[PDB]
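Any value given below was found using the heavy atoms of this structure, including those in side chains, with hydrogens, waters and symmetry copies removed. Each ligand, and each atom within it, is numbered from 1 in the order the structure gives. For this chain, numbers begin at 1 and follow the sequence in order.
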Amino acid sequence: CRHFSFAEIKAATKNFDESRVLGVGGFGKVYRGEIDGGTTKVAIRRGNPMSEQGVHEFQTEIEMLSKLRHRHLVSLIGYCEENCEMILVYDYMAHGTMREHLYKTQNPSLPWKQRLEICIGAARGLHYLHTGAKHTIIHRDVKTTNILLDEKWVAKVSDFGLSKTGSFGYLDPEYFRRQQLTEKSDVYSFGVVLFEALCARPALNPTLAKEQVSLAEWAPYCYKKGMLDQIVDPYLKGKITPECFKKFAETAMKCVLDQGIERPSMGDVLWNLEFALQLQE
Ligand SMILES: Nc1ncnc2c1ncn2[C@@H]1O[C@H](COP(=O)(O)OP(=O)(O)O)[C@@H](O)[C@H]1O
Ligand SMILES: [Mg+2]
């Protein structure tokens with residue numbers, strides 16, 4: 001994990017030109033830049049060291065990502081702590097977040113097979129977090145804005161600021177009851193991602209009728225009542241084979257079960273998604 005001088009960062013971002021702002025968030029602004037004389041494009045996050053959670057989140061991200069390597073996780077190339085600043089350098093995910101290709105966007109809708117391959121990629125990333133590091137890593141912030149897409153549409157899990165080792169629509173309701181957090185909490189949030197990919201609507205819409213506010217409650221309700229097909233993304237209607245639809249929906253339903261101990265592991269989710277992709281052929 002390489003250290004960047006603050007002069008290298010500023011050359012990469014052309015002194016943090018708002019020309020290069022890809023997006024802004026709680027941690028800070030993210031800039032599009034290039035390093036190694038322009039051969040490598042990078043995303044550069046500038047935090048504010050006066051925030052302790054900004055600093056905590058910065059430190060968590062470096063201790064986690066410096067030890068992980070996986071095709072479906074955003075790679076941390078390095079950081080810059082000079083001037084006691086907080087700069088993180090990742091490779092650039094050219095197509096942004098999964099959310100911005102699902103709804104409230106004017107990007108075109110994603111074909112069904114591409115949505116499934118994105119979910120499969122994210123599942124492999126989470127599977128690696130749960131089974132491939134020294135100890136289980138609970139991401140704690142799986143959501144459609146923390147799955148990024150590179151220029152060949154490969155899905156990568158990102159934003160490791162809240163993860164631990166050793167967002168409203170997505171929180172495991174068992175955590176406000178059992179007060180213990182498990183990798184099954186990632187499985188719950190991922191089940192919500194799956195329904196978001198199918199339904200192309202936010203996980204939490206506070207303006208709706210009481211039954212529909214929470215996708216994690218609404219979509220299973222609709223399935224049991226035999227009407228999940230009516231709330232699917234209009235672009236996807238008619239495009240999902242019946243056997244793929246049943247397998248995808250049943251997998252998603254199992255993920256958002258009430259008790260974590262009844263939920264499948266990510267390995268089981270991943271295999272069932274790959275099986276759903278085979279049934280779509
Ligand atoms: N590696 C990356 N490549 C390209 N864009 C990125 C990368 N990492 C983060 N971003 C952008 O930065 C934004 C800020 O992320 P975050 O602070 O979590 O806000 P949000 O949760 O609303 O996405 C993301 O929405 C995304 O568009
Ligand atoms: Mg994010």
Side-chain angles (χ1 to χ4, degrees), residues 1-2 4 9 12-14 16-36 38-49 51 53-62 64-66 68-80 86-107 110 118 121-122 125-126 129 137-163 167-171 186 189-190 192-193 196-197 201-205:
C1 185
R2 60 189 273 201
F4 289 81
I9 297 303
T13 62
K14 313 225 92 84
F16 312 101
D17 198 341
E18 182 96 34
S19 147
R20 303 286 194 99
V21 177
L22 282 177
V24 204
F27 185 75
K29 211 170 282 215
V30 47
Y31 299 81
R32 172 209 333 248
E34 294 109 352
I35 65 76
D36 303 347
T39 183
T40 301
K41 332 211 298 273
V42 292
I44 293 155
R45 267 229 268 271
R46 214 221 151 191
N48 204 326
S51 175
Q53 311 78 8
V55 170
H56 182 75
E57 259 191 12
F58 176 87
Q59 284 170 344
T60 298
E61 194 127 34
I62 294 178
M64 293 296 192
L65 277 188
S66 62
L68 305 177
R69 306 277 182 274
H70 195 273
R71 188 182 306 173
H72 297 284
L73 301 183
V74 172
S75 100
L76 184 63
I77 297 170
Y79 68 97
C80 178
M86 288 184 326
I87 302 179
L88 300 160
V89 193
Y90 317 98
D91 323 288
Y92 178 70
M93 299 291 130
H95 281 117
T97 74
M98 176 181 186
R99 182 172 304 179
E100 75 170 19
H101 297 272
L102 295 175
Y103 51 83
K104 302 213 259 148
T105 181
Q106 308 253 125
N107 294 318
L110 296 180
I118 286 162
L126 294 181
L129 294 181
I137 296 170
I138 304 161
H139 183 282
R140 305 172 73 211
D141 201 25
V142 175
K143 58 193 186 159
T144 43
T145 55
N146 287 342
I147 300 163
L148 307 181
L149 303 162
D150 83 346
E151 182 53 42
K152 278 194 233 53
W153 297 93
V154 171
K156 299 206 199 240
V157 176
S158 72
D159 280 32
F160 280 82
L162 309 192
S163 59
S167 321
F168 272 9
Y170 305 85
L171 316 166
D186 283 347
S189 302
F190 189 68
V192 182
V193 169
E196 252 182 278
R201 58 145 273 190
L204 205 64
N205 184 339

Students should be able to answer this: which protein heavy-atom is nearest to atom 17 (O) of ligand 1, and at what distance? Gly25 CA, 3.3 Å
Without swapping roles, check the side chain of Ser163 against the backbone of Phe160 for a donor-acceptor pair under 3.5 Å. yes
Under 3.5 Å between any N/O of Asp91 and any N/O of ligand 1: does that happen in this structure? yes
Of all the non-hydrogen atoms in the protein, which one sits nearest to atom 18 (O) of ligand 1, and at what distance? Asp159 OD2, 2.7 Å
Would you mind checking which non-hydrogen protein atom is closest to atom 10 (N) of ligand 1, with the distance to 0.1 Å? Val30 CG2, 4.2 Å
Using a strict 4.0 Å threshold on nitrogen-to-oxygen distance, state whether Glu196 and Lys143 make a salt bridge. no
Indicate yes or no: does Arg20 engage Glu34 in a salt bridge with an N to O separation below 4.0 Å. yes
Go through the steps to decide whether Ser167 and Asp141 satisfy the test side-chain contact (heavy atoms from CB on, under 4.5 Å), and finish with yes or no. CA-CA 7 Å; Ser167 321; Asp141 201 25; 3.0 Å; yes
Kindly give the heavy-atom pair with the smallest separation between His101 and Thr97, and that separation in Å. CD2-O, 3.1 Å
Within the structure, does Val24 bring an N/O atom to less than 3.5 angstrom of an N/O atom in ligand 1? no
Given OD2 of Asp159 on one side and OD1 of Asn146 on the other, what angle do they make at the Mg ion (ligand 2), to 10°? 90°
Protein heavy atom under 4.0 angstrom of atom 3 (N) of ligand 1, is there one? yes
Which of the numbered atoms in ligand 1 are under 4.0 angstrom from any heavy atom belonging to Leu22? 4 (C), 5 (N)
NZ/NE/NH1/NH2 to OD/OE distance under 4.0 Å, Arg45 and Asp159: yes
If you look at every heavy atom in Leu204 and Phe168, which pair is closest and at what distance? CD2-CB, 3.4 Å
Taking only heavy atoms of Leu148 into account, list the atoms of ligand 1 that are under 4.0 Å away from them. 1 (N), 2 (C), 7 (C), 8 (N)
Pick one of side chain, backbone, both or neither for how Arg45 approaches ligand 1, counting any non-hydrogen atom pair under 4.0 Å. side chain
Sidechain N-carboxylate O distance under 4.0 Å for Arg71, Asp91: no
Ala43 heavy atoms, cut-off 4.0 Å: which ligand 1 atoms fall inside? 1 (N), 2 (C), 3 (N), 7 (C)
Would you mind reporting whether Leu129 and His139 have side-chain heavy atoms less than 4.5 Å apart? yes
Pairs of nitrogen or oxygen atoms closer than 3.5 Å, one from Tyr92 and one from ligand 1: do any exist? no
If you scan protein heavy atoms around atom 21 (O) of ligand 1, the nearest is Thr145 OG1, 3.6 Å
for atom 27 (O) of ligand 1, nearest protein heavy atom and its distance come out as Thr97 CG2, 3.8 Å
